Structure formats: structure tokens, C-alpha cells
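This report refers to the structure that appears directly beneath it.
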Amino acid sequence: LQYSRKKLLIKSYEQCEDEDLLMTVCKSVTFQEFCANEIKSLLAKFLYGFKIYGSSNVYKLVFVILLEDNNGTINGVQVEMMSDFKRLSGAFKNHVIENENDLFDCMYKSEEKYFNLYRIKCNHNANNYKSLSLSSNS
Amino acid sequence: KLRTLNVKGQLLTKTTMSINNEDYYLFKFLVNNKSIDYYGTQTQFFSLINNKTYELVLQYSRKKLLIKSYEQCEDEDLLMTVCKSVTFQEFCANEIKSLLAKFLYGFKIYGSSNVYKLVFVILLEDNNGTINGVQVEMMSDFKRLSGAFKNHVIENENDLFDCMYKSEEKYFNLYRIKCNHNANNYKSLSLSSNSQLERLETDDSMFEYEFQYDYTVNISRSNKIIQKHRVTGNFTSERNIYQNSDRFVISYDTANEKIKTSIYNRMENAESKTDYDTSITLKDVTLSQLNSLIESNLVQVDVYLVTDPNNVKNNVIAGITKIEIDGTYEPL
């Protein structure tokens, strides 16, 4: 791009082809990446996780991530994540979770540590409510 | 004559206590899904067993409700057996259940490509014995909905929409519907993959029921209800992406008044591709064409509005369905 005649003109264009952002951790994400419901990977901070009262097979993970509003400011926000016992056991890379008891013992040893999340989908609902969710290969 | 009552129900707990060396024996029975306690002696304490329907005959003597006698029924099942009213208790147990509802209206949710939403009115008997008609919501997909409707062949989305707009404001027997309660405490209805939605088609028994099914609150949202409007006049659309979200500002005329609202833009699972920027501007084109079509009566627009009753300002759109002259249906 060259600055000429009070404009930004495309001085030359070159063909690039399919840049990959999966398995590439982004320090931040944008509101639009929650809108497109795009599967990315970001770095996050796990706060604390537990099992939902009244449920048997549903656990909740709470994270702190960084969103970018279009104003350009980067804010730390609390995001919530839900997944069953199965998808959670295989989600934790380099950790063996064979029963419910180990999941809780892993979460309590995972508290306040920084995580690289991989292939996590950002969702958006009828009632908005922006949250994360585990795919089958995250 | 000492008068008596007859009740039937599951037994939950058995408890005993000795007050002043006078043994007392009590049985917590589930009668019509209520915790009602009845008196007994030491003979009944051992004869009866928990989680077992007992046909019960009560006696009133010495200012107490006695178990005069016991027989035993056998675990009656009440599915495919419709009910007028459910309780808060049954929503907590997440009881798959068959009850009667009044169908209001249905639409396809914005941004989604295969997810639809139904709005019903059901009778919900609270913990105090009062029965009130409330608005309840329901999510299901095209596949479950294609086979859900009893006695109606639905093979394509356009049929699905044609079956709701016919069934709008009719009464429906809902068979084997799971009443949900969630970590986020809003209560809803769900299609178990083997649930039937069977229409009643009037027959003048409706007169007793329309007075009851007066929805004043939507139990699937908090402080908000869903309302349905017909677009008659100036439909205007504008793209306002704010600091907080990407939105469409929309204002239309009904036969009543003009409404300001806004819809939150979202795209379902558009993958590895810029199918959000190129598709939202696409739907914006569909929106600024709409007024041209309503004037010449080419399409009719139905706006489904998640609204706060007290403050009519809190308006958001959950679905917009275009009714075309030639039977074709376009939702958004």
C-alpha cells in the first residue's frame, strides 16, 4: 500500500492462499468471532470449575479471556464453558482422567493457571449470552 | 356417622416418634404429586413399603387423618395420558409427561440454519394450589419436527411453516414432553425423539379453556414475553454495529402503532470462510427490499418479538418469517 493523493492505494497485490489460525493461540478475540461462531484457539486463564447441581453428567468450566470491541479496547472478561464428562476427559492434553474423581482433582490443580485452548468454538444464542463449548476434537 | 375419604398414591417415607410414651406413626404419601402425611399404627409401619402405589382409605377420628385400611395398586403409568395442568415440582423432576397446551405461534430462529422455536400456553399449578396460564417455549430441529406432527407429512422446511400457520391458535395434545429445568433456571419444553404433537381441531370444548390459557408471563425468559406482529407499513432497516454488538436497527408499522427494535446478528457455524461479512450484508439486502414487497403485497412479514411488558422499549426480534403469495415461506 502506498500513501498518495491523500488515499491508501493498493500499489501491488500478491496471491497468498489459505492462512491457518487453528492451533494458533490468539491472545485476544473479537465480538465478530463470536458472531460467525468461528472455531479458533486462544490463550486463557482457568479460574475454577465444578459440577452443576441437579445434573449428573454436566460440568462447568470458568475462564478469563480477552475480548476486543470495535472501539479497539481489550478487556478481560469471564467466559463460561460446558461439556460432559467424556469430552472433558479427552480434552485435557497430557492428562489422564479415568473417573469423575480425577477431573475434580485436575481442575483444582488447574486453578489460576494459564491455558492454551485449542479448536474452541465461540457461540451466540437467541438470548445472546456469549460462551465457549468443546468440540469433539479440542 | 364418622365420614371418610378415599385417595390413591405412591408412598415416599415412613417415620415414627414417641411423644409422652404414646407411639405415633406417619407415612408421607405422594397424592396427585403432593406431600400429604397420614397417620397409622405399628401394624401399618411394617406392612407398607416405599415406592409403591397404595389404594388408600382414610378415616377422621380424634382430630387426625387415619389410614383405615390399605390395598395395593400397581405402578400406574400416565404417559400418552394428557393432563390440563403441571406443577413446578414436575419441572424439577424433569418429568417426561403428556399434557395439553394451546399452540400460539412458531418461527425459525435468526442466524440458525436448522433450529426452530415453538411458543405454547400451558397451565402451571404452583406450590400454593393456584393454576395460571403461562407462555412456554420449545426448541427442536427440522428432523425431529418433520416426524413430530402426528397425521401430517412434513418433508421440507416450507411444509413445516405451512403446518404451524394452519395450527396457529389451536389446541394440541402434547404426548411425552420433557419439562426442563436448567442450571440457568428458565423452564422449557423439549421433544423427546418419540414425542407426538396431535391437534384437536376445536369441537366446542375450547370454550372452557380459552379463559384459562391467558399467558401473562413467559416462563422460558426473565421479565420478558414473546409477542407476534404483522408488518403492514414502513419497514426500515439499518446496520448499526455498536461497541457492544453487531445489530440491525429495524422499525415497522402494525395496525396498532410503530415499533422500534433491533436484531442481534449471528451466523451458525459458517466455517473456515468469510461467510459472515458476505452473508449479513446479503440479509441486509433482503431487509431493504422488504418494504417494496409489502407495499405491492408480494410478501407479508411476520415479526416475532421478545418483549418486556412493562417497558415496551425492551424490544428484540427472535425471528422474521416472510409469507409469500405463492405459498413459499422465507424465514431469516
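Simple scheme: letters A, B, ... for chains in C-alpha cells order, numbers from 1 for residues in each chain, numbers from 1 for ligands in the order shown.
In chain B, the set of residues within 6 Å of chain A (atoms considered: only C-alpha atoms) is residues 243, 266, 267, 269 and 276 of chain B.
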Kindly save the residues from that selection, with N, CA, C and O atoms included, as a PDB file, in the first residue's frame.
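This is the output file selection.pdb:
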```
ATOM      1  N   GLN B 243     -20.443  -0.560  20.030  1.00  0.00           N
ATOM      2  CA  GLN B 243     -19.332  -1.044  20.850  1.00  0.00           C
ATOM      3  C   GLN B 243     -19.605  -2.445  21.387  1.00  0.00           C
ATOM      4  O   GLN B 243     -18.689  -3.269  21.501  1.00  0.00           O
ATOM      5  N   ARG B 266     -25.914 -12.926  14.032  1.00  0.00           N
ATOM      6  CA  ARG B 266     -25.142 -14.120  14.337  1.00  0.00           C
ATOM      7  C   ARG B 266     -25.261 -15.072  13.158  1.00  0.00           C
ATOM      8  O   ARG B 266     -26.248 -15.042  12.419  1.00  0.00           O
ATOM      9  N   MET B 267     -24.240 -15.902  12.972  1.00  0.00           N
ATOM     10  CA  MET B 267     -24.238 -16.897  11.910  1.00  0.00           C
ATOM     11  C   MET B 267     -23.857 -18.245  12.497  1.00  0.00           C
ATOM     12  O   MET B 267     -22.893 -18.342  13.262  1.00  0.00           O
ATOM     13  N   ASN B 269     -22.153 -21.469  12.472  1.00  0.00           N
ATOM     14  CA  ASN B 269     -21.159 -22.459  12.061  1.00  0.00           C
ATOM     15  C   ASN B 269     -20.653 -22.223  10.636  1.00  0.00           C
ATOM     16  O   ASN B 269     -20.268 -23.165   9.941  1.00  0.00           O
ATOM     17  N   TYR B 276     -19.565 -14.690   7.003  1.00  0.00           N
ATOM     18  CA  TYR B 276     -20.299 -13.817   7.906  1.00  0.00           C
ATOM     19  C   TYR B 276     -20.420 -12.406   7.354  1.00  0.00           C
ATOM     20  O   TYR B 276     -21.511 -11.830   7.360  1.00  0.00           O
TER      21      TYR B 276
END
```
Mind listing the strand (DSSP E) residues of chain A, per DSSP on the backbone, as a PyMOL selection string?
chain A and resi 2-3+8-9+25-26+29-30+39-51+58-68+74-84+114-116+120-125+128-133
Identify, on the basis of only C-alpha atoms, every residue whose closest approach to residue A:57 does not exceed 7 Å; exclude the query and any residue fewer than 2 positions from it along the same chain; express the result as a short mmCIF file (atom, residue, chain, number, x, y, z; two decimals) with C-alpha atoms, in the first residue's frame.
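As written to disk, out-v6.cif reads:
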```cif
data_model
loop_
_atom_site.label_atom_id
_atom_site.label_comp_id
_atom_site.auth_asym_id
_atom_site.auth_seq_id
_atom_site.Cartn_x
_atom_site.Cartn_y
_atom_site.Cartn_z
CA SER A 55 -27.15 -32.70 36.92
CA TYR A 59 -19.64 -29.92 34.35
CA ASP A 84 -19.85 -33.61 29.59
CA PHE A 85 -17.52 -35.96 31.44
#
```
Contacts of stretch 214-218 of chain B within 6 Å, only C-alpha atoms, excl. fewer than 4 positions in-chain, as a ChimeraX atom specification:
/B:133-136,225
Go through A:96, A:74, A:23, A:62 one by one, measure the shortest atom-to-atom distance of each to residue A:138 using only C-alpha atoms, and give the residue with the smallest value.
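Comparing A:96, A:74, A:23, A:62 against residue A:138, the winner is A:23.
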Stretch 45-59 of chain B surroundings by only C-alpha atoms, 12 Å radius, close-in-sequence under 3 positions cut, as JSON, numbers by chain
{"B": [1, 2, 3, 4, 5, 6, 7, 8, 9, 10, 11, 12, 13, 14, 15, 16, 17, 23, 24, 25, 26, 27, 28, 29, 30, 31, 32, 37, 38, 39, 40, 41, 42, 62, 63, 64, 65, 66, 67, 68, 69, 70, 71, 72, 73, 74, 75, 76, 77]}
Using DSSP on the backbone coordinates, identify the residues of stretch 198-297 of chain B assigned to alpha helix (DSSP H); present them as a PyMOL selection string.
chain B and resi 207-210+277-288+290-295
Excluding residue B:100 and any residue of its chain fewer than 6 positions from it, enumerate the residues within 9 Å of it, using only C-alpha atoms, and give them as a PDB file with N, CA and C atoms, in the first residue's frame.
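And here is the file that came out, out.pdb:
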```pdb
ATOM      1  N   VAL B  82     -53.071 -37.357  28.784  1.00  0.00           N
ATOM      2  CA  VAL B  82     -52.873 -35.913  28.818  1.00  0.00           C
ATOM      3  C   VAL B  82     -53.361 -35.342  30.143  1.00  0.00           C
ATOM      4  N   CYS B  83     -52.776 -34.210  30.531  1.00  0.00           N
ATOM      5  CA  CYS B  83     -53.154 -33.505  31.745  1.00  0.00           C
ATOM      6  C   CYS B  83     -53.358 -32.028  31.442  1.00  0.00           C
ATOM      7  N   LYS B  84     -54.289 -31.414  32.173  1.00  0.00           N
ATOM      8  CA  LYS B  84     -54.559 -29.994  31.979  1.00  0.00           C
ATOM      9  C   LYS B  84     -53.458 -29.133  32.584  1.00  0.00           C
ATOM     10  N   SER B  85     -52.928 -29.536  33.737  1.00  0.00           N
ATOM     11  CA  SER B  85     -52.010 -28.699  34.493  1.00  0.00           C
ATOM     12  C   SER B  85     -50.828 -29.514  34.994  1.00  0.00           C
ATOM     13  N   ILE B 122     -49.463 -23.115  28.497  1.00  0.00           N
ATOM     14  CA  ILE B 122     -49.797 -24.262  29.327  1.00  0.00           C
ATOM     15  C   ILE B 122     -50.303 -23.757  30.671  1.00  0.00           C
ATOM     16  N   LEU B 123     -50.978 -24.645  31.392  1.00  0.00           N
ATOM     17  CA  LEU B 123     -51.470 -24.358  32.732  1.00  0.00           C
ATOM     18  C   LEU B 123     -50.473 -24.913  33.739  1.00  0.00           C
ATOM     19  N   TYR B 171     -55.510 -25.875  19.744  1.00  0.00           N
ATOM     20  CA  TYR B 171     -55.173 -26.611  20.954  1.00  0.00           C
ATOM     21  C   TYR B 171     -54.586 -27.969  20.589  1.00  0.00           C
ATOM     22  N   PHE B 172     -53.527 -28.355  21.296  1.00  0.00           N
ATOM     23  CA  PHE B 172     -52.713 -29.503  20.926  1.00  0.00           C
ATOM     24  C   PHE B 172     -52.501 -30.421  22.120  1.00  0.00           C
ATOM     25  N   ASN B 173     -52.632 -31.724  21.881  1.00  0.00           N
ATOM     26  CA  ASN B 173     -52.254 -32.734  22.864  1.00  0.00           C
ATOM     27  C   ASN B 173     -50.766 -33.019  22.714  1.00  0.00           C
ATOM     28  N   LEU B 174     -49.982 -32.643  23.718  1.00  0.00           N
ATOM     29  CA  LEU B 174     -48.551 -32.909  23.717  1.00  0.00           C
ATOM     30  C   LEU B 174     -48.297 -34.211  24.465  1.00  0.00           C
ATOM     31  N   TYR B 175     -47.767 -35.208  23.760  1.00  0.00           N
ATOM     32  CA  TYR B 175     -47.552 -36.541  24.308  1.00  0.00           C
ATOM     33  C   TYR B 175     -46.066 -36.740  24.580  1.00  0.00           C
TER      34      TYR B 175
END
```
Surrounding residues of residue B:148 excluding itself and chain neighbours under 6 positions, 7 Å, only C-alpha atoms, as a list in words
residues 195, 196 and 197 of chain B
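Checking B:158, B:61, B:274, B:232 one by one against residue B:297, counting only C-alpha atoms, you find the shortest gap at B:232.
As for atom CA of residue B:306 and atom CA of residue B:227, they are spaced 6.3 Å apart.
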